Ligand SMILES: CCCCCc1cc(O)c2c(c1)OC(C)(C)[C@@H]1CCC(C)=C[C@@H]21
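Here's a solo chain for you in C-alpha coordinates, the form solved without the ligand.
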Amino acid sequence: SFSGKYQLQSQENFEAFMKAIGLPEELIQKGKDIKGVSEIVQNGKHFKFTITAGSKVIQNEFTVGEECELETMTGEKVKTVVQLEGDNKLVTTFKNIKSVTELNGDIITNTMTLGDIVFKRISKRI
(Lines give C-alpha, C1' and ligand atoms only; values in the text may rest on other atoms or scores of the structure.)
Protein backbone atom coordinates (compact mmCIF):
# COMPACT_ATOMS: atom_id res chain seq x y z
CA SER A 1 0.00 0.00 0.00
CA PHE A 2 1.82 3.13 -1.37
CA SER A 3 -0.14 5.93 0.59
CA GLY A 4 2.46 7.60 2.93
CA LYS A 5 5.39 10.04 3.47
CA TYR A 6 8.83 8.44 2.57
CA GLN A 7 12.00 10.33 3.78
CA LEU A 8 15.31 9.54 1.97
CA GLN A 9 18.23 8.00 4.00
CA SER A 10 20.87 6.79 1.38
CA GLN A 11 20.91 7.36 -2.44
CA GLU A 12 23.33 5.32 -4.66
CA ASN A 13 24.34 7.50 -7.75
CA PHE A 14 22.48 10.91 -7.63
CA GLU A 15 25.14 13.14 -9.43
CA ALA A 16 26.30 10.41 -11.99
CA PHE A 17 22.60 9.55 -12.98
CA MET A 18 21.24 13.21 -13.06
CA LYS A 19 24.16 14.53 -15.28
CA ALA A 20 23.90 11.37 -17.61
CA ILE A 21 20.08 11.86 -18.33
CA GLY A 22 20.63 15.69 -18.98
CA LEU A 23 20.37 18.19 -16.02
CA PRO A 24 22.50 21.45 -15.33
CA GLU A 25 24.77 22.10 -12.24
CA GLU A 26 21.80 24.10 -10.69
CA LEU A 27 18.94 21.47 -10.17
CA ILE A 28 21.71 18.82 -9.32
CA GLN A 29 23.07 21.24 -6.54
CA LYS A 30 19.56 21.52 -4.82
CA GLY A 31 19.28 17.71 -4.00
CA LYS A 32 23.02 16.58 -4.15
CA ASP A 33 22.87 15.16 -0.57
CA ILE A 34 19.79 16.92 0.98
CA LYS A 35 17.08 14.31 1.95
CA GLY A 36 13.64 14.59 0.22
CA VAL A 37 10.14 13.43 1.35
CA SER A 38 8.17 11.70 -1.49
CA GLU A 39 4.57 12.33 -0.23
CA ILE A 40 2.53 9.65 -2.11
CA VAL A 41 -1.35 9.62 -2.09
CA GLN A 42 -2.65 6.22 -3.42
CA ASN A 43 -6.45 6.65 -4.00
CA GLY A 44 -7.23 3.15 -5.49
CA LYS A 45 -6.09 3.45 -9.17
CA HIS A 46 -5.46 7.34 -9.05
CA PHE A 47 -1.86 7.93 -7.79
CA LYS A 48 0.10 11.16 -7.11
CA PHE A 49 3.73 11.59 -5.76
CA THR A 50 5.31 14.92 -4.54
CA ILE A 51 9.21 14.76 -4.48
CA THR A 52 10.81 17.68 -2.45
CA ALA A 53 14.66 17.01 -2.55
CA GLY A 54 16.35 20.25 -1.31
CA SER A 55 14.43 23.17 -2.98
CA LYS A 56 12.76 21.55 -6.10
CA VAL A 57 9.00 20.60 -5.92
CA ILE A 58 8.14 18.04 -8.72
CA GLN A 59 4.41 17.05 -8.26
CA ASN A 60 3.34 14.13 -10.58
CA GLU A 61 -0.02 12.28 -11.27
CA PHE A 62 -0.64 8.87 -12.99
CA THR A 63 -3.60 6.40 -13.15
CA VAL A 64 -2.61 2.64 -13.35
CA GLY A 65 -3.61 1.10 -16.75
CA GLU A 66 -3.96 4.60 -18.47
CA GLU A 67 -1.43 6.61 -20.63
CA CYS A 68 -0.43 9.54 -18.32
CA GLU A 69 2.04 12.45 -18.95
CA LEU A 70 4.58 12.63 -16.05
CA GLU A 71 6.97 15.57 -15.24
CA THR A 72 10.44 13.86 -15.07
CA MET A 73 13.82 15.64 -14.38
CA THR A 74 14.95 16.20 -18.08
CA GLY A 75 11.76 14.95 -19.99
CA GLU A 76 9.25 17.83 -19.38
CA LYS A 77 5.90 15.86 -19.82
CA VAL A 78 6.57 12.19 -20.90
CA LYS A 79 3.66 9.72 -21.71
CA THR A 80 3.96 6.19 -20.15
CA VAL A 81 1.38 3.55 -18.93
CA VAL A 82 2.31 2.53 -15.29
CA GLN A 83 1.52 -1.22 -14.66
CA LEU A 84 1.03 -2.30 -10.98
CA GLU A 85 1.88 -5.86 -9.79
CA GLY A 86 -0.43 -6.63 -6.80
CA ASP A 87 -0.48 -3.46 -4.60
CA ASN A 88 3.35 -3.04 -3.71
CA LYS A 89 5.49 -3.05 -6.99
CA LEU A 90 5.12 -0.28 -9.69
CA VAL A 91 6.77 -1.24 -13.06
CA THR A 92 7.16 1.51 -15.77
CA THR A 93 9.62 2.92 -18.39
CA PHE A 94 9.56 6.66 -19.39
CA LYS A 95 11.90 7.29 -22.45
CA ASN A 96 14.93 4.93 -21.81
CA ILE A 97 14.65 4.94 -17.91
CA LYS A 98 13.41 1.61 -16.30
CA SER A 99 11.72 2.91 -13.07
CA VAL A 100 10.88 0.08 -10.57
CA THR A 101 9.35 1.56 -7.34
CA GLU A 102 9.08 -1.63 -5.12
CA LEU A 103 7.68 -1.31 -1.53
CA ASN A 104 9.35 -3.48 1.22
CA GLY A 105 7.07 -2.76 4.30
CA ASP A 106 8.39 0.75 5.16
CA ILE A 107 11.34 0.89 2.59
CA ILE A 108 10.24 2.25 -0.88
CA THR A 109 13.21 1.07 -3.06
CA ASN A 110 13.23 3.03 -6.41
CA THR A 111 15.90 1.23 -8.53
CA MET A 112 15.91 3.59 -11.59
CA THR A 113 18.27 2.21 -14.33
CA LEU A 114 19.47 4.26 -17.39
CA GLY A 115 21.92 1.58 -18.77
CA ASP A 116 25.07 0.94 -16.63
CA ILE A 117 24.14 3.52 -13.81
CA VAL A 118 21.73 2.12 -11.11
CA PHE A 119 20.08 5.04 -9.15
CA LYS A 120 18.80 3.22 -5.97
CA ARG A 121 16.93 5.46 -3.41
CA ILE A 122 16.44 3.72 0.04
CA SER A 123 13.45 5.71 1.54
CA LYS A 124 11.82 4.63 4.92
CA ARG A 125 8.13 5.57 5.69
CA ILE A 126 8.13 8.50 8.26
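Each residue number is its position in the shown sequence, starting from 1.
What comes next is about the form solved in complex with the ligand, which does not appear here.
Legend entry - Exercise: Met73 in contact with the ligand in the entry with it bound, heavy atom 4.5 Å: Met73: contacts the ligand in the entry with it bound.
Legend entry - Residue contact check: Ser99 to the ligand in the entry with it bound, 4.5 Å heavy atom: Yes - in the entry with it bound, heavy atoms of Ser99 and the ligand come within 4.5 Å of each other.
Inset, instruction - Determine whether any heavy atom of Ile117 comes within 4.5 Å of a heavy atom of the ligand in the entry with it bound, and answer yes or no. - result: Contact check for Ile117: no, nothing within 4.5 Å of the ligand in the entry with it bound.
Inset, instruction - Examine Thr92 and determine whether its closest non-hydrogen atom to the ligand in the entry with it bound is within 4.5 angstroms. - result: Yes, contact at 4.5 Å.
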